[PDB]
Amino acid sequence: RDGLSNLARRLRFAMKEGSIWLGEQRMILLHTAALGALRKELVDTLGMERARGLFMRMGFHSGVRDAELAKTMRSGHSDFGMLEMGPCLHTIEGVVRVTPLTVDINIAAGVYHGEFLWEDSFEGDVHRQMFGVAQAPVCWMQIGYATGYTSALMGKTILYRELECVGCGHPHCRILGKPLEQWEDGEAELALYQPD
């Protein structure tokens, strides 16, 4: 049920070069407390609104790259088994523990409906460290990744939103992803992914 094995062969640590590679993308290992401190400076000086955009887009770029890696290992993987490489990649990257609740996907037909549980999210625990409990969900980067990955996989914009978030006192995160036009505020969610 897990593709963590098939996708781990794609992860090379080259200690005698000082580089890490996931597929054909170079990675770094970064301290979450380092990213936390950057988030603090970004919210404090740019506001929660602008800061959230910067992270969602960073997240978006990451998800799109991992969709590219997923596409190369298609061979005979169903649409769903294709989709599932996203949550797998998220875990391996140590961002969060992803659990697909229910997923309806057809790539050819442009149909997608997806719900997930986000157990153990760094962003959530990182936001809490730096700001305490939040009024709105705080897994920005993580949400940008889901949007980026799924959109690049479908060839059309799939936006995600957190229906529940540990950053808001909840026990875990709960997220929903579906085509842009099935969101009433979708035009305005989509503006969050635009640099400027």
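By rigid core we mean the largest C-alpha set that fits within 1.5 Å across both forms. Residue indices: 1-based, along the sequence shown.
message = Between 12-20 and 173-181, which one shows the bigger average Cα displacement from this form in 6 other deposited structures of this protein once the rigid core is aligned?
response = Comparing 12-20 with 173-181, the larger C-alpha deviation in 6 other deposited structures of this protein belongs to 12-20.
ask   = What stretch has the higher average Cα B-factor here, 145-153 or 123-131?
value = Of 123-131 and 145-153, the stretch with the higher C-alpha B-factor average is 123-131.
request  = Between 69-77 and 103-111, name whichever shows the higher mean Cα B factor according to the PDB entry.
outcome  = Between 69-77 and 103-111, it is 69-77.
Identity of residue with top Cα B-factor, from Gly59, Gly36, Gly167, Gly53 = Of the options given, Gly167 has the highest CA B-factor in the PDB entry.
key: Given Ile28, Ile158, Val64, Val43, the residue at which the Cα B factor reaches its maximum   = Result of the comparison over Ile28, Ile158, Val64, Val43: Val43.
inquiry  = What third of the chain does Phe13 rank in for C-alpha temperature factor, lowest, middle or highest?
reply    = For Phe13, the deposited C-alpha B-factor lands in the middle third.
query = In terms of the CA temperature factor given in the entry, to which third of its chain does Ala188 belong: lowest, middle or highest?
reply = According to the entry, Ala188 has a C-alpha B-factor in the chain's highest third.
task = Relative to the other modelled residues of the same chain, rank the CA B-factor of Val138 and answer lowest, middle or highest third.
result = As the PDB entry reports it, the C-alpha B-factor of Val138 lands in the middle third of its chain.
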